[PDB]
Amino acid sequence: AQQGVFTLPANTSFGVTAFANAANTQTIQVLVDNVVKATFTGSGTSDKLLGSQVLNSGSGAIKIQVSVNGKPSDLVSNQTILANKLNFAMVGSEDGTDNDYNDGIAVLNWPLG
């Protein structure tokens, strides 16, 4: 299945926060309506915080991509809703063979405010 693709409510601010747990440099891109709006880059094996940004969801079509030196990683994702209000969309990824799936991570949350 396609992973890293999420439908958000339209025209809604959301936070996205990216991490590495990898020896290799991760490139984590956040696309809104197929346009890259944020890119997070780095490495480190202890939950290196690569950055956190607030973006508008546009039509609501979000796609997260993770790659290492142009090679796409294998993604896994889901979305969970707490209290029928608080949304998290999580992306992990595997750049190698150990299948820890933590190499490049994105966490999205909404609504803000």
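The first residue of the sequence shown is number 1, and the count goes up from there.
With 64-72 and 77-85 compared on mean CA B-factor from the PDB entry, the stretch scoring higher is 64-72. Relative to one another, 41-49 and 28-36 have unequal mean CA B-factors, and 41-49 is the one with the higher figure.
In the deposited entry, the Cα temperature factor of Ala1 places it in the highest third of its chain's modelled residues. Annotation for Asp98: C-alpha temperature factor in the highest third relative to the rest of the modelled chain, per the entry. Sort the modelled residues of the chain by CA B factor and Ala22 lands in the middle third. In the deposited entry, the Cα temperature factor of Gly104 sits in the bottom third of values across the chain's modelled residues.
In this PDB entry, the Cα temperature factor of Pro9 sits in the top third of its chain's modelled residues, the highest group.
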